[PDB]
6 protein chains.
Amino acid sequence: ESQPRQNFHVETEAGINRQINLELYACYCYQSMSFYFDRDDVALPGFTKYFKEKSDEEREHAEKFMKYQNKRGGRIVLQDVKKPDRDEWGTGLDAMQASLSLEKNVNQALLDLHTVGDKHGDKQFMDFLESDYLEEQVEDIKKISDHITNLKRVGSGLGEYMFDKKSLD
Amino acid sequence: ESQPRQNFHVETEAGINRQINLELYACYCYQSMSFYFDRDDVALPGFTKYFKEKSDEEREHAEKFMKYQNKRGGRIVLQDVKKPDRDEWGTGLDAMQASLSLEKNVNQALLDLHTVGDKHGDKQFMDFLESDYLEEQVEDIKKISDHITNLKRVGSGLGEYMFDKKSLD
Amino acid sequence: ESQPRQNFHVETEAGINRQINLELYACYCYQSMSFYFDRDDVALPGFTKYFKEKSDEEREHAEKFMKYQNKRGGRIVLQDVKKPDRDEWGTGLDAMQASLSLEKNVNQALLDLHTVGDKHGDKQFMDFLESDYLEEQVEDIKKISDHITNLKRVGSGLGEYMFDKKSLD
Amino acid sequence: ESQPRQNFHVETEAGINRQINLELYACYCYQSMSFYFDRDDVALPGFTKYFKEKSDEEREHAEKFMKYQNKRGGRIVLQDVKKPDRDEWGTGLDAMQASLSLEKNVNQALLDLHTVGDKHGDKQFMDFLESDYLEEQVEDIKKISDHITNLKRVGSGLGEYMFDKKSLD
Amino acid sequence: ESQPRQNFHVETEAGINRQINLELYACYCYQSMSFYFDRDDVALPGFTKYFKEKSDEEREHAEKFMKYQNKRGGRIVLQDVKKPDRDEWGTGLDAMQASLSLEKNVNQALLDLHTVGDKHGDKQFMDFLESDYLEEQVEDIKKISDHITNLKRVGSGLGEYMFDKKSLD
Amino acid sequence: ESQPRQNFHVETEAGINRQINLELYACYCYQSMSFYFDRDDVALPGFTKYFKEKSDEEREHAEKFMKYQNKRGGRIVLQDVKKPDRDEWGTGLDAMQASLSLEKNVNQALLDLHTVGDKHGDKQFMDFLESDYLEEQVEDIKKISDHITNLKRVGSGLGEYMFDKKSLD
Ligand SMILES: [Fe+3]
Ligand SMILES: [Fe+3]
Ligand SMILES: [Fe+3]
Ligand SMILES: [Fe+3]
Ligand SMILES: [Fe+3]
Ligand SMILES: [Fe+3]
Ligand SMILES: [Fe+3]
Ligand SMILES: [Fe+3]
Ligand SMILES: [Fe+3]
Ligand SMILES: [Fe+3]
Ligand SMILES: [Fe+3]
Ligand SMILES: [Fe+3]
C-alpha cells in the first residue's frame with residue numbers, strides 16, 4: 001500500500017480513472033468540433049476558438065484528476081479514448097446542443113462519482129469534487145443554455161454570423 | 001415637535017412616506033425584469049444589466065427621499081412593498097413598454113406630491129423635487145421612449161439581439 | 001423542463017424562492033435601522049453607515065440566490081416583502097441586539113434550506129450554501145456579538161458616542 | 001449559552017479543544033526536529049529550516065481552531081502539551097518518516113473530528129474542516145511521501161547533503 | 001470537390017489523418033510518462049515537467065496537421081487514440097529510452113508520409129513537412145540521445161536525482 | 001564531548017534547558033490570554049493583539065535559548081509545557097497584573113541562571129544573558145507597570161475600552 005493512502009477506497013480510485021477517460025473524451029469531442037468549424041465550408045472563427053478553448057479545459061479537468069489520483073496514493077490507469085460519435089457537427093446551434101448534452105452527461109458522471117466517495121465517507125474527495133468540478137459544471141451548463149436560446153433567437157444565415165462575432169468574444 | 005421642523009406640513013411628510021414606497025416598488029419591478037432577462041430561456045444580458053441599473057437607481061430615489069424626510073424633521077414610516085404585478089415580462093419591447101408605463105406613473109405621483117408642497121407653501125420641498133426628481137424623470141421617460149421606437153424598428157429575432165448588444169451599452 | 005435542470009428538486013427551488021424573500025426582508029430591516037440612526041434625535045453616523053452596508057449586503061444575498069435559481073434552471077417567484085416589525089430601534093445596543101436576533105434567524109433558515117438540498121442529494125447546492133452563505137453567517141454572528149459586548153462595556157451617553165466613532169470604522 | 005452559539009454541539013466543542021492540543025503537539029515535535037538538525041553533529045540547515053516552517057504551520061492550525069472555537073461560541077480549554085516522543089530524530093530520512101507518520105495521525109484525527117460534526121449536522125463546521133484542513137493534509141502528506149522517496153533514492157552521506165540543498169528550497 | 005482543393009491527392013489526405021492519430025498517441029504516451037513520474041513512489045518532478053511539455057508539443061503537432069488538412073480542403077477523420085503500451089515507465093533512463101524509440105517511430109512515419117506526397121507531386125506538402133516537422137524531429141532525437149548518454153553517465157540513485165535537477169531545467 | 005564545547009558547564013547546560021521550558025510556558029500563557037480576549041463576551045481586540053505578540057516573543061525567547069544551547073555544544077532536552085494556571089483572565093487590568101507577575105518570575109529565573117554561569121566563570125554566557133534577555137526584561141516590566149497604572153486610571157467600562165484603543169496600538 002502507497003505511502004499517502006488514507007481513507008481512500010479502491011472504488012473511489014477506480015471511479016477517478018474512468019472520469020479521467022470521460023474528460024479526455026469530451027476534450028476530444030470539442031477538438032473535433034473546433035476544427036470542424038475551421039472547415040472552409042463552415043468557417044466560423046468564433047466557434048472554432050470557443051470549442052478549442054473548451055477542449056483545452058477538458059484536457060485540464062482530466063489532468064487535474066490524474067494529479068489528484070497521485071495525491072491520494074491511487075494509481076492512474078489509462079484507457080483508450082474513443083473518437084467522438086460524429087465526424088461533423090452541423091450548424092452553430094447543432095454543436096451547441098451537442099455540447100449541452102455532453103456537459104450534462106459529464107455532470108451526471110461527476111454526481112455519481114460523488115455518491116461513490118460519499119458511501120465511503122471520503123470527506124476530502126467530496127469537497128474536491130464540489131469545489132473544482134460541480135460548481136464549474138453548473139456554470140457551464142447555464143452558459144451553454146443561454147447560447148442555445150440566442151442561437152435560436154438570431155436564426156440562420158446572418159444571425160448565426162453575428163452571434164459568431166458578438167457572443168463568442 | 002422635532003428640532004429641524006420648519007414650514008413642513010404633515011401632508012407633505014405623509015406624501016413623502018408613500019412616494020418612498022412607490023420608488024421601492026419601482027425598484028422591485030426592475031429587479032424582477034432584470035432577472036427575468038437572465039433566465040436561460042430569455043438570456044438577453046444587456047436587458048439584464050440595464051434593468052439592474054434602473055432597479056439600483058430607484059432604490060437611490062427611495063433612500064434620498066428617506067434622507068430628505070429626516071432632514072426636514074419628519075419621520076420615515078415604511079410599508080410592505082408589494083410584489084410586481086407580473087412574474088414574467090415578455091419580449092424586450094414588452095418590458096420597455098411596461099417600463100415606460102411605470103415611469104410615467106412615478107412621474108405623475110411626483111407631480112402630485114409637488115402639488116401638495118405647493119399648497120402648503122413648502123418652497124424648499126418644491127425645488128428639491130424639481131432638482132432631484134422632475135428633471136431626471138423627463139430625461140428617463142424620453143430615453144425609454146427612444147428605446148421603444150428602436151425596439152420596434154429592429155424587430156424580433158436578430159433585431160432584438162442586436163439592440164441588446166448595440167443600444168444597451 | 002428547462003435546459004439546465006439536473007439533480008434540482010422542486011422543493012429546493014421553492015426553498016430558494018422563500019430564502020430570496022427572507023433576504024429582502026433582512027435588507028429592508030437594515031435599511032430601516034440605517035435611516036433611524038440618521039434621525040436628528042438619534043444622529044449616530046457610524047450606526048447609520050454600518051446598517052446601510054448590511055442592508056446592501058442583504059440585497060446582494062437575495063440577488064445571488066436569484067442568479068443561482070436561474071443558473072440551476074429554477075424560476076424566480078417573488079413575494080411581498082413585509083415592512084420590518086419596528087418603526088424605531090432604540091439605542092445602538094438595542095439595534096445591534098435586534099440585528100443579532102435577525103441574523104441568527106437567517107442562519108437557521110439557511111441551515112433548514114441546507115437540510116432540504118441534502119435530503120434530495122443536491123451536492124452542488126449544499127456546497128453553494130456552505131461556500132457563499134454559511135461561513136459568512138458565522139463570521140457575521142460573531143462580529144455582532146463582539147459589538148453587543150462592547151456596547152454594554154462602554155455604557156450610555158459618551159460610551160455609545162465613542163463606540164460609534166471607534167468601532168464602526 | 002453564548003451569544004453566537006447556534007447548531008454547535010458540545011461534542012464538537014470538546015472535539016475542537018482536543019484537536020487544538022493535537023496541533024500544538026505536532027508544532028512542538030517539529031520545533032524539536034528543527035533544532036535537532038541544528039546540532040553541530042547533525043548540521044543540516046535545509047532540514048532545520050523545513051521543520052521550523054512545519055512547526056510554525058502547526059502553530060497556525062492550532063490558533064485557527066482557537067479562533068474558530070470562539071467564532072462558534074465554544075470555550076477554549078487548553079491542556080498540557082506533552083514533550084515529543086524522541087529527543088533526537090536520526091537521519092534526514094528518519095525525521096521525514098516520523099513526519100509522515102505524524103501527519104497521517106493528524107489527518108485521521110481531523111477525519112474523526114469531521115465525523116463528530118457530521119453526526120450533529122454541523123454543516124458549517126464540516127465545510128470549515130474540508131476547506132482549511134483536509135485539503136492541506138492531503139497536500140502535505142503527498143509532499144512528505146515525495147521527500148521519503150527521494151531521500152531513499154539519494155542514499156546517505158553525499159546524497160543526504162545534496163537533498164538538503166536541492167529539494168529543501 | 002471542396003473550394004481549396006488543388007494538387008491534393010486522397011492518399012495524402014488519408015496519410016495526414018493517420019499521422020494525426022499517431023501524434024495524438026504520442027501525446028497520450030508522454031502524458032502518461034509525465035504523471036508516472038508524479039507518483040509518490042517515483043517523484044522525479046523534472047521528468048514530470050519534461051514529459052508534460054513533450055505531451056503538449058505532440059498535441060500541437062496533431063492540431064497543426066488538422067489545421068493543414070482543412071487548409072488544403074481535405075476532411076479530418078479522427079480514430080480512437082489507443083492507451084499507451086505501458087502503465088508505468090521504470091527509471092528515468094527507461095522512460096528516456098522509450099521516448100527515443102517513440103520519436104524515431106514518428107520520424108519514420110513522417111518520412112513515409114513525405115514519400116507519399118513526393119510520388120503525387122505535392123510540392124507544398126513536402127515543404128510543409130520538411131519545415132514544420134522533419135527539422136524538429138532531427139533536433140529532438142539528438143537531444144533525447146544526449147539525455148540517455150547522460151542518464152547512463154550519472155548512474156542510478158543520487159545520479160538520477162542530479163540529472164533531474166541539472167539537465168531537466 | 002561535542003566539538004564546540006569549551007568553558008561550558010553541565011549545570012549551565014541544564015539551566016538553559018529549564019529556562020527554555022519556562023519561556024515556552026510563558027508563550028503558552030500569553031497565547032491563552034490572547035484568545036480569551038477574543039471571546040465574544042470579552043471582545044477586547046487590542047488585548048488580543050497585544051498578547052498574541054507577547055506570546056510570539058516568548059516563543060522567540062525559547063528558540064534563541066535553543067539556538068544557543070546548540071552553539072555552545074550542549075544538547076536540548078524538552079519537557080512537557082504545562083497548561084497555564086488559569087482558563088480565563090478577568091478584566092484587562094487583571095490580565096496585565098498576571099502579565100507583570102509572570103514577567104517578574106521569568107526575570108528572577110534569568111537572574112538565577114546568570115548566577116549559575118557566574119559561579120562557573122562562563123563569561124560569554126553571562127554577556128549573552130545580559131545582552132539578549134536581562135535588558136529586554138527590564139524594558140518590558142516597566143512597560144507593563146505603566147499599563148497597570150493607566151488601566152487603574154481609566155477605570156472600568158469606557159475607560160477600559162478606550163485603553164484598548166489608544167494604549168494598545
Ligand atoms: Fe469537464
Ligand atoms: Fe465543462
Ligand atoms: Fe424613481
Ligand atoms: Fe427612473
Ligand atoms: Fe443574508
Ligand atoms: Fe449577514
Ligand atoms: Fe495540522
Ligand atoms: Fe500538516
Ligand atoms: Fe510529433
Ligand atoms: Fe517530439
Ligand atoms: Fe516578554
Ligand atoms: Fe521571555
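Calculation notes
Residues numbered from 1 in each chain as written, not as in the entry; some residues may be left out. Chains lettered and ligands numbered in written order. Part of a larger assembly, values for the part shown. Heavy atoms only, no water. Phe/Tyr/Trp six-rings, centres within 6.5 Å; stacked < 30°, edge-to-face > 60°. Buried < 20%, exposed > 50% of the residue type's maximum accessible area, 1.4 Å probe, protein only. Contact = heavy atoms within 4.5 Å. Donors = N, O, S within 2.8 Å, 3.2 Å for Na, K, Ca; no water. Helix = DSSP H or I, 4+ residues; strand = E, 2+ residues; numbered from the N terminus. Buried area = accessible area lost by both parts, 1.4 Å probe. Salt bridge = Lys/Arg side-chain N within 4 Å of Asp/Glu carboxyl O. Nonpolar A, V, L, I, M, F, W, Y, C, P; charged D, E, K, R; others polar. Least-squares fit on C-alpha atoms. Polar contact = N/O pair within 3.5 Å; in protein donor to acceptor, adjacent residues only side chain to side chain. Core = buried A, V, L, I, M, F, W, Y, C linked by side-chain atoms within 4.5 Å. Patch = residues over 30% accessible without salt bridge, like charges linked within 9 Å, V, L, I, M, F, W, Y side chains within 5 Å. Areas by Shrake-Rupley, 256 points an atom, 1.4 Å probe, with all protein chains shown as cover. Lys, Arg positive; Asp, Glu negative; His and termini not counted. Charge placed at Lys NZ, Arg CZ, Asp CG, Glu CD. UniProt positions renumbered as here; feature names shortened; annotations may be inferred. Disulfide = S-S within 2.5 Å. Axes fitted to C-alpha atoms, helices over the stretch in contact; angles between N-to-C directions. Parallel < 35°, antiparallel > 145°, perpendicular 65-115°, else oblique. Left-handed = near helix turned anticlockwise from the far one by under 90°.

1. Points about the packing of aromatic side chains
With the rule as written, the count across this model stands at 79 aromatic pairs over all chains. Consider the rings of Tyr36(B) and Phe37(B), whose centres lie 5.0 Å apart with planes at 75°: the pair is edge-to-face. Across the pair, exposure class does not vary: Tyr36(B) and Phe37(B) are buried alike. Joined through ring pairs, the aromatic side chains of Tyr30(D), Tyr36(D), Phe37(D), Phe47(D), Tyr50(D), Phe51(D), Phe163(D) and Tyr161(E) make up one cluster.

2. Some points on the arrangement of the chains
In this view chain B stays clear of chain D, with the nearest C-alpha atoms of the two still 29 Å from each other. At their nearest point, the C-alpha atoms of chain B and chain F are still 29 Å apart, with no contact between the two.

3. A few points about the coordination of the iron ion (ligand 11)
All names here are of chain F. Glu-58 (OE) and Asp-140 (OD) make up the full set of protein donors to the iron ion (ligand 11), lying at 2.6 Å. The distance between the iron ion (ligand 11) and the iron ion (ligand 12) comes to 4.3 Å, and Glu-58 binds to both of them. On the criterion of sequence distance, the pair formed by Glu-58 in helix α2 (residues 45–71) and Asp-140 in helix α4 (residues 123–154) is long-range, its members being 82 residues apart. Owing to a relative accessible area of 1%, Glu-58 belongs among the buried residues under this scheme. The exposure class assigned to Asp-140 is buried, which follows from its relative accessible area of 5%.

4. Quick word on the interface of chain D and chain C
Counting residues at the interface gives 12 residues for chain D, matched by 18 residues for chain C. Of the roughly 1,400 Å² buried between chain D and chain C, counting both surfaces, carbon and sulfur atoms make up 51%. Counting the surface chain D buries against chain C, the share from its top three residues, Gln3(D), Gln6(D) and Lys123(D), is 49%. Along the contact surface separating chain D from chain C lie 1 salt bridge. The partner of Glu139(C) in a salt bridge is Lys71(D), with the nearest N and O atoms 2.7 Å apart. Of all the secondary structure elements, the ones that give two or more residues to the side of chain D that touches chain C are α2 (45–72) and α4 (123–154) of chain D. Each residue belonging to the side of chain D that touches chain C can be placed in one class, and the counts come to 1 nonpolar, 6 polar and 5 charged.

5. Some remarks on the pattern of salt bridges
Pairing is possible between side chains of opposite charge, provided their charged atoms come close. Summed over all chains, the structure comprises 118 salt bridges over all chains. The residue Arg59(C) makes a salt bridge to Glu63(C) at a minimum N-O spacing of 3.7 Å. Here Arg59(C) and its partner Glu63(C) are both found in helix α2 (residues 45–71), 4 residues apart, which amounts to about one turn of the helix. For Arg59(C), a relative accessible area of 8% puts it in the buried group. Taking relative accessible area as the criterion, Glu63(C) reaches 12% and is therefore assigned buried. Connected through salt bridges with shared partners, the residues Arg39(B), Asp40(B), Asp41(B), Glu88(B) and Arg75(C) form a single ionic network.

6. Concerning the relation of the copies chain D and chain C
Laying chain D over chain C is done by rotating through 120° and shifting 0.0 Å along the axis; what remains is an RMSD of 0.1 Å. Taken together, these values place the two copies in the relation of a three-fold axis. The C-alpha atom lying nearest the rotation axis in chain D is that of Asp127(D); the distance is 4.8 Å. The fraction of interface residues of chain D whose copies in chain C are also interface residues is only 8%, indicating that the copies meet through different surfaces.

7. Description of the relation of the copies chain E and chain A
Of the two same-sequence chains, chain E is brought onto chain A (RMSD 0.1 Å, axial shift 0.0 Å) by a rotation of 180°. Viewed as a symmetry operation, the transformation between the two copies matches a two-fold axis. Closest to the rotation axis within chain E is the C-alpha of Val81(E), separated from it by 2.8 Å.

8. Notes on the interface of chain E and chain A
Interfaces are often described in size by the accessible area the parts lose on coming together. In this complex, chain E contributes 32 residues to the contact, which on the side of chain A involves 32 residues. Here chain E and chain A share an interface that buries about 3,000 Å² over both sides, 45% of which is from carbon and sulfur atoms. Of all residues in chain E, the largest losses of buried area upon contact with chain A belong to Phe35(E), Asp40(E) and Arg59(E), amounting jointly to 21% of the total for that side. Our count for the contact surface shared by chain E and chain A stands at 12 salt bridges. For the pair chain E and chain A, the number of links is 26 residue pairs in polar contact. No other element matches helix α2 (residues 45–72) of chain E, which puts 8 residues into the side of chain E that touches chain A. Class assignment of the residues belonging to the side of chain E that touches chain A gives a composition of 11 nonpolar, 7 polar and 14 charged.

9. Describing the nonpolar core
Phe47(D), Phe51(D), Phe65(D), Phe47(F), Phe51(F) and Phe65(F) are the most contacted members of the largest nonpolar core, which totals 95 residues. Excluding anything up to four places from it in sequence, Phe51(D) contacts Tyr30(D), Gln31(D), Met33(D), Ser34(D), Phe37(D), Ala95(D), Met96(D) and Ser99(D).

10. A few points about the environment of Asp132(E)
Residue and element names in this part refer to chain E. When you line up the elements, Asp-132 lands in helix α4 (residues 123–154). Assessed through its relative accessible area of 32%, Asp-132 is described here as partly exposed. Separated by 35 residues in the primary sequence, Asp-132 and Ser-167 place their C-alpha atoms 26 Å from one another.

11. Focus: a negative patch on the surface
Residue and element names in this part refer to chain B. A grouping of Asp-118, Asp-127, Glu-130 and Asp-132 is seen on the molecular surface, where their side chains present a negatively charged patch. The element best represented in the negative patch is helix α4 (residues 123–154), accounting for 3 residues. Judged by its relative accessible area of 46%, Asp-118 is partly exposed.

12. Some words on the UniProt feature "binding site: Fe(3+) 2" (unreviewed entry) in chain A
Residues and elements named next belong to chain A. The UniProt feature table records "binding site: Fe(3+) 2" (unreviewed entry) at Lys-54, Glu-58, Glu-103, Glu-136 and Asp-140. These annotated residues cover 87 residues of sequence, and their C-alpha atoms lie no more than 12.3 Å from one another, placing them together at a single site. Setting aside residues no more than four positions away along its own chain, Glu-58 makes contact with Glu-23, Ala-26, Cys-27, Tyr-30 and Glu-103. Inspection of the secondary structure puts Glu-136 in helix α4 (residues 123–154). Ignoring any residue separated from it by four or fewer positions in sequence, one finds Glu-136 in contact with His-61 and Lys-143.

13. Let's talk about the state of the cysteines
Where two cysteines share a covalent bond between their sulfur atoms, that bond is called a disulfide. Tallied over the entire structure, the rule returns 0 disulfides over all chains. Counting only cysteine sulfurs, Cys27(E) is the nearest neighbor of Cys27(A), a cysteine outside any disulfide, at a range of 8.2 Å.

14. Digging into the environment of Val81(E)
Inspection of the secondary structure assignment puts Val81(E) in the loop between α2 and α3 (92–119). Considered as a pair, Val81(E) and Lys123(E) are 42 residues apart in the sequence and their alpha carbons are 30 Å apart. Residue contacts for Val81(E): discarding those within four places in its chain leaves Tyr28(A), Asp80(A), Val81(A), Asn21(E), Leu24(E), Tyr25(E) and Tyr28(E).

15. Regarding the side chain of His147(F)
Tracing the backbone through its elements, the reader meets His147(F) in helix α4. Setting aside chain neighbours within four positions, we find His147(F) in contact with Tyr50(F), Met96(F), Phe163(F), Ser167(F) and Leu168(F).

16. Quick notes on the packing of α2(D) against helix α5 (residues 158–166) of chain D
Residues and elements named next belong to chain D. With their axes 7 Å apart at the nearest point, α2 and α5 run at an angle of 50° to one another. What the angle tells us is that α2 and α5 run oblique. The handedness of the crossing between α2 and α5 comes out as left-handed. Together, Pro-45, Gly-46 and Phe-47 of α2 and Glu-160, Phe-163 and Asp-164 of α5 make up the contact between the two elements. Residue classes in the contact of α2 with α5 are distributed as 3 nonpolar, 1 polar and 2 charged.

17. So, unusual backbone geometry
Comment: phi is negative for the bulk of residues other than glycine, and the bulk of peptide bonds are trans. Notably, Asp169(B) is not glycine yet its phi reads approximately 60°, a positive angle. In this structure, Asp169(B) sits in the segment after α5 (158–166). Of the residues examined, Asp169(B) reaches a relative accessible area of 68% and is grouped as exposed. Here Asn7(C), not a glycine, exhibits a phi torsion of approximately 60°, which is positive. Summarising the element assignment, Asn7(C) is placed in the segment before α1 (10–36).

18. Section: the side chain of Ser145(D)
Position of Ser145(D) relative to the elements: it lies in helix α4. A relative accessible area of 0% places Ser145(D) in the buried class. Setting aside chain neighbours within four positions, we find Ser145(D) in contact with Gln3(A), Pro4(A), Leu100(D) and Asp40(E).

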